[PDB]
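Following: one structure in structure tokens, then a few remarks.
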Amino acid sequence: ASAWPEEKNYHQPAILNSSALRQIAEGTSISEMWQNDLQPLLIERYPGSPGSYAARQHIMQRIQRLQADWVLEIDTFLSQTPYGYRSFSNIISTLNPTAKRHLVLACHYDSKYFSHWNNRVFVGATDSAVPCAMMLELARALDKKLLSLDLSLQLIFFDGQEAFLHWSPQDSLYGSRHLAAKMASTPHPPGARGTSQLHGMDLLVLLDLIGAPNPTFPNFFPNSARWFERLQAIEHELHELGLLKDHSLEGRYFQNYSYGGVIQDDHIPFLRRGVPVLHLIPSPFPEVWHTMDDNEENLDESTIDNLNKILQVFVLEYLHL
Ligand SMILES: CC(C)(C)OC(=O)[C@@H](N)CCC(N)=O
Ligand SMILES: [Zn+2]
């Protein structure tokens, strides 16, 4: 039996030199992302709504225009909810579908349901319109390098992350609970006898609640800590080369501390099935968490810009591009 599923345990990154780093920093455009990827997503988009459909089309359209050979799949399913049976649609974008191993970046594109209050609508700017846009900007910014692509890249935009009422084991993580179970029972690579698509998940990098000022991301798991350190190293180098905006080491995003317990998110259904996770959610959460103020006005542009550069470098180094 092949031990390829163990390759992830020994995988090392291909570190970019100073020259390559300035190039990545110059390759991403925060204003471009803002107008073309984020704003169309700042709409009410709870599951089943017109917005959900519009968001899903935007994400697909934005990926299809790229040169990289992206394969888009809409994973639609039914699930019981506090309001009865409903339909959900996860969006999966994969480069090299048969590539045994894949680095996976993810977030949820649905927005928590709230009945209109004082003519205000909840759009979950940091939760998680920004993460969505960041993934799209990354796809755009590294498009040329990704075009050259047994390890590849995959993006997952989960639907139904939010609870329709208040968090509950049965009410929340609809999309991820469904996709995890599905991938866990789908042979991979095609024709495989005893390995699943989950065996193929090298690492799940989940972005959530990003876009607020001064985020502090803690290290959550020992089996992905070496990767958390890479993010620290990248942030440090990008900073020393003066490639970050209004950024200080004292107030850096990736600090030297782990988090005791765990935070409920889309990674749970995967983590509980053995998938290594790098959970990029800040602790504490943005002040605007689940408030009508989690809007565009309260987003920190330079912070998102800095994070884009960091994430993009991490991905290129992980994929040896
Ligand atoms: C629905 C649940 C509670 C699972 O997740 C969220 O609200 C995430 N937006 C943020 C993560 C969190 N646990 O607050
Ligand atoms: Zn939320």
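Here's how to read the names in the structure tokens: chain A, B, ... by the order shown, residue numbers from 1 in each chain, ligand numbers from 1 in the order shown.
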| query | Counting only C-alpha atoms and all ligand atoms, which protein, DNA or RNA residues come within 12 Å of ligand 2, given as a ChimeraX atom specification? | reply | /A:46,107-114,122-129,160-167,172-173,207-210,263-266,281,285-286,288-292,294
| task | Compile the contact shell of residue A:30 as a list in words: residues with an atom at most 8 Å away, counting only C-alpha atoms, same-chain residues fewer than 2 positions apart removed. | result |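 So the residues in contact are residues 28, 32, 33, 34, 301, 304 and 305 of chain A.
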| task | Enter the distance from atom CA of residue A:276 to atom CA of residue A:254, in Å, rounded to one decimal. | result |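 Atom CA of residue A:276 sits 18.5 Å away from atom CA of residue A:254.
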| query | Which residues, written as an NGL selection string, have at least one atom at most 9 Å from residue A:248, with only C-alpha atoms counted and residues fewer than 4 positions away on the same chain left out? | reply | :A and (239 or 244 or 252)
Keeping N, CA, C and O atoms for every residue in the selection just given, could you write it to a file as a short mmCIF file (atom, residue, chain, number, x, y, z; two decimals), in the first residue's frame?
```cif
data_model
loop_
_atom_site.label_atom_id
_atom_site.label_comp_id
_atom_site.auth_asym_id
_atom_site.auth_seq_id
_atom_site.Cartn_x
_atom_site.Cartn_y
_atom_site.Cartn_z
N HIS A 239 7.74 42.27 6.60
CA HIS A 239 7.79 43.48 7.41
C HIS A 239 9.18 44.12 7.35
O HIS A 239 9.29 45.32 7.08
N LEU A 244 4.96 45.86 4.13
CA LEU A 244 3.65 45.90 4.78
C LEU A 244 3.29 47.34 5.11
O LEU A 244 4.17 48.17 5.33
N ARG A 252 1.95 42.57 15.71
CA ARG A 252 1.86 41.65 14.59
C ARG A 252 0.63 40.75 14.71
O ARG A 252 0.10 40.56 15.80
#
```
| field | Counting only C-alpha atoms and all ligand atoms, the option among A:230, A:177, A:236, A:22 closest to ligand 1 | value |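 For ligand 1, the nearest of the given residues is A:177.
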| said: If DSSP is run on the backbone, what residues of stretch 118-246 of chain A are strand (DSSP E or B)? A reply as a list in words would be ideal. | reply: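 For stretch 118-246 of chain A, the strand (DSSP E or B) set is residues 120, 151, 152, 153, 154, 155, 156, 157, 158, 187, 196, 201, 202, 203, 204, 205, 206, 207, 217, 218 and 219 of chain A.
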Take the residues just selected and output them with N, CA and C atoms as a PDB file, in the first residue's frame.
```
ATOM      1  N   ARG A 120     -31.530  48.495   8.243  1.00  0.00           N
ATOM      2  CA  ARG A 120     -30.153  48.038   8.115  1.00  0.00           C
ATOM      3  C   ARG A 120     -30.144  46.543   7.833  1.00  0.00           C
ATOM      4  N   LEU A 151       0.902  17.609  -5.979  1.00  0.00           N
ATOM      5  CA  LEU A 151       0.245  18.536  -5.081  1.00  0.00           C
ATOM      6  C   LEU A 151      -0.264  19.758  -5.841  1.00  0.00           C
ATOM      7  N   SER A 152      -1.521  20.125  -5.607  1.00  0.00           N
ATOM      8  CA  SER A 152      -2.095  21.290  -6.264  1.00  0.00           C
ATOM      9  C   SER A 152      -2.975  22.086  -5.296  1.00  0.00           C
ATOM     10  N   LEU A 153      -3.749  23.028  -5.827  1.00  0.00           N
ATOM     11  CA  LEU A 153      -4.575  23.893  -4.994  1.00  0.00           C
ATOM     12  C   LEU A 153      -6.080  23.742  -5.167  1.00  0.00           C
ATOM     13  N   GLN A 154      -6.809  23.942  -4.071  1.00  0.00           N
ATOM     14  CA  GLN A 154      -8.265  23.864  -4.071  1.00  0.00           C
ATOM     15  C   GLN A 154      -8.863  24.937  -3.162  1.00  0.00           C
ATOM     16  N   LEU A 155      -9.981  25.505  -3.594  1.00  0.00           N
ATOM     17  CA  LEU A 155     -10.670  26.528  -2.825  1.00  0.00           C
ATOM     18  C   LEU A 155     -12.065  26.035  -2.497  1.00  0.00           C
ATOM     19  N   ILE A 156     -12.502  26.275  -1.264  1.00  0.00           N
ATOM     20  CA  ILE A 156     -13.844  25.880  -0.868  1.00  0.00           C
ATOM     21  C   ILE A 156     -14.568  27.052  -0.228  1.00  0.00           C
ATOM     22  N   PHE A 157     -15.748  27.347  -0.746  1.00  0.00           N
ATOM     23  CA  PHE A 157     -16.573  28.426  -0.219  1.00  0.00           C
ATOM     24  C   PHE A 157     -17.781  27.705   0.372  1.00  0.00           C
ATOM     25  N   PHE A 158     -17.817  27.564   1.694  1.00  0.00           N
ATOM     26  CA  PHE A 158     -18.924  26.860   2.347  1.00  0.00           C
ATOM     27  C   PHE A 158     -20.220  27.648   2.413  1.00  0.00           C
ATOM     28  N   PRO A 187     -13.734   8.012  -2.841  1.00  0.00           N
ATOM     29  CA  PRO A 187     -12.393   7.490  -3.124  1.00  0.00           C
ATOM     30  C   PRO A 187     -11.527   8.495  -3.878  1.00  0.00           C
ATOM     31  N   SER A 196      -9.453   8.323   0.807  1.00  0.00           N
ATOM     32  CA  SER A 196     -10.490   9.291   0.463  1.00  0.00           C
ATOM     33  C   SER A 196      -9.926  10.643   0.060  1.00  0.00           C
ATOM     34  N   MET A 201      -6.421  15.872   1.559  1.00  0.00           N
ATOM     35  CA  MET A 201      -6.310  17.216   2.121  1.00  0.00           C
ATOM     36  C   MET A 201      -5.046  17.386   2.940  1.00  0.00           C
ATOM     37  N   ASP A 202      -4.018  17.939   2.312  1.00  0.00           N
ATOM     38  CA  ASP A 202      -2.745  18.182   2.968  1.00  0.00           C
ATOM     39  C   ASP A 202      -2.932  19.033   4.212  1.00  0.00           C
ATOM     40  N   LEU A 203      -3.645  20.136   4.029  1.00  0.00           N
ATOM     41  CA  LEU A 203      -3.882  21.082   5.096  1.00  0.00           C
ATOM     42  C   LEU A 203      -5.066  21.945   4.714  1.00  0.00           C
ATOM     43  N   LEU A 204      -5.932  22.210   5.684  1.00  0.00           N
ATOM     44  CA  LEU A 204      -7.094  23.054   5.452  1.00  0.00           C
ATOM     45  C   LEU A 204      -6.832  24.406   6.099  1.00  0.00           C
ATOM     46  N   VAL A 205      -6.674  25.431   5.271  1.00  0.00           N
ATOM     47  CA  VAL A 205      -6.439  26.785   5.760  1.00  0.00           C
ATOM     48  C   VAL A 205      -7.792  27.496   5.703  1.00  0.00           C
ATOM     49  N   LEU A 206      -8.405  27.673   6.870  1.00  0.00           N
ATOM     50  CA  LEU A 206      -9.718  28.306   6.973  1.00  0.00           C
ATOM     51  C   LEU A 206      -9.647  29.749   7.445  1.00  0.00           C
ATOM     52  N   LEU A 207     -10.134  30.658   6.610  1.00  0.00           N
ATOM     53  CA  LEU A 207     -10.153  32.076   6.942  1.00  0.00           C
ATOM     54  C   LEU A 207     -11.549  32.448   7.445  1.00  0.00           C
ATOM     55  N   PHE A 217      -3.987  36.337  15.607  1.00  0.00           N
ATOM     56  CA  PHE A 217      -4.274  34.944  15.306  1.00  0.00           C
ATOM     57  C   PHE A 217      -3.453  34.002  16.177  1.00  0.00           C
ATOM     58  N   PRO A 218      -4.123  33.156  16.967  1.00  0.00           N
ATOM     59  CA  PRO A 218      -3.374  32.222  17.806  1.00  0.00           C
ATOM     60  C   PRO A 218      -3.152  30.897  17.064  1.00  0.00           C
ATOM     61  N   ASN A 219      -2.174  30.133  17.529  1.00  0.00           N
ATOM     62  CA  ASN A 219      -1.854  28.829  16.966  1.00  0.00           C
ATOM     63  C   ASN A 219      -2.813  27.874  17.681  1.00  0.00           C
TER      64      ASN A 219
END
```
| query | From the list A:149, A:299, A:141, A:59, which residue is nearest residue A:313 when using only C-alpha atoms? | reply | A:141
| said: Measuring between only C-alpha atoms and all ligand atoms, which one of A:280, A:275, A:135, A:66 shows the shortest distance to ligand 1? | reply: A:280
| With only C-alpha atoms and all ligand atoms as the basis for distance, which of A:231, A:68, A:262, A:225 is at the shortest distance from ligand 1? |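 Of A:231, A:68, A:262, A:225, the one nearest ligand 1, counting only C-alpha atoms and all ligand atoms, is A:262.
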| message | When you count only C-alpha atoms, which of these residues is closest to residue A:243: A:226, A:267, A:102, A:309? | response |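 Comparing A:226, A:267, A:102, A:309 against residue A:243, the winner is A:309.
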| request: Give me every helix (DSSP H, G or I) residue in stretch 68-302 of chain A, going by DSSP on the backbone, as number ranges by chain. | output: A: 125-141, 143-147, 174-184, 197-200, 225-240, 268-271, 296-298, 301-302
| task | Grab the atom CA of residue A:195 to atom CA of residue A:5 distance for me, in Å with one decimal place. | result |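 Between these atoms lies a distance of 8.1 Å.
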| said: Could you check the closest approach to ligand 1 for each of A:312, A:180, A:277, A:159 and tell me which residue wins, using only C-alpha atoms and all ligand atoms? | reply: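 Nearest to ligand 1: A:159.
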| said: So that I can check the surroundings of residue A:80, please list as a PyMOL selection string every protein, DNA and RNA residue that reaches within 9 Å of it, counting only C-alpha atoms and ignoring chain neighbours fewer than 6 positions away. | reply: chain A and resi 86+170-171
Let's have the selection written as a CSV table (one decimal), in the first residue's frame, with N, CA and C atoms.
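This is the output file selection-v1.csv:
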```csv
chain,number,residue,atom,x,y,z
A,86,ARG,N,-34.2,22.7,3.7
A,86,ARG,CA,-33.7,23.7,2.9
A,86,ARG,C,-32.6,23.2,2.0
A,170,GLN,N,-26.9,21.1,15.7
A,170,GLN,CA,-27.7,20.8,14.5
A,170,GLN,C,-27.9,22.0,13.6
A,171,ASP,N,-27.9,23.2,14.2
A,171,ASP,CA,-28.1,24.4,13.5
A,171,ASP,C,-26.8,25.2,13.3
```
| field | atom CA of residue A:222 to atom CA of residue A:249, distance in Å rounded to a single decimal | value |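 Spanning atom CA of residue A:222 to atom CA of residue A:249 is a straight-line distance of 23.5 Å.
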| task | May I have the residues within 10 Å of residue A:251 as number ranges by chain, using only C-alpha atoms and disregarding those fewer than 4 positions away in the same chain? | result | A: 214-216, 247, 255
Could the residues in this selection be written to a file with N, CA and C atoms, as an mmCIF file, in the first residue's frame?
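As written to disk, selection.cif reads:
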```cif
data_model
loop_
_atom_site.group_PDB
_atom_site.id
_atom_site.type_symbol
_atom_site.label_atom_id
_atom_site.label_comp_id
_atom_site.auth_asym_id
_atom_site.auth_seq_id
_atom_site.Cartn_x
_atom_site.Cartn_y
_atom_site.Cartn_z
ATOM 1 N N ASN A 214 -6.140 45.367 13.910
ATOM 2 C CA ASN A 214 -5.290 44.626 14.838
ATOM 3 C C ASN A 214 -5.684 43.194 15.141
ATOM 4 N N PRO A 215 -5.804 42.347 14.113
ATOM 5 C CA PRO A 215 -6.173 40.968 14.433
ATOM 6 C C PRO A 215 -4.992 40.232 15.084
ATOM 7 N N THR A 216 -5.295 39.298 15.975
ATOM 8 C CA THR A 216 -4.268 38.501 16.624
ATOM 9 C C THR A 216 -4.716 37.062 16.449
ATOM 10 N N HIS A 247 2.370 48.585 9.743
ATOM 11 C CA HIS A 247 2.512 47.322 10.454
ATOM 12 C C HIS A 247 3.711 47.364 11.390
ATOM 13 N N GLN A 255 1.005 36.000 16.604
ATOM 14 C CA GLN A 255 1.791 36.061 17.821
ATOM 15 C C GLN A 255 2.177 34.700 18.381
#
```
| query | Leaving out residue A:241 and any residue of its chain fewer than 6 positions from it, which residues lie within 12 Å of it when counting only C-alpha atoms, given as a PyMOL selection string? | reply | chain A and resi 17-23+25+234-235+247
| said: When you look at residue A:6 with a cut-off of 10 Å (counting only C-alpha atoms), what residues show up, excluding the ones that are within fewer than 4 positions of it in the same chain? I need them as an MDAnalysis selection string. | reply: chainID A and resid 2 10:11 199:200 202
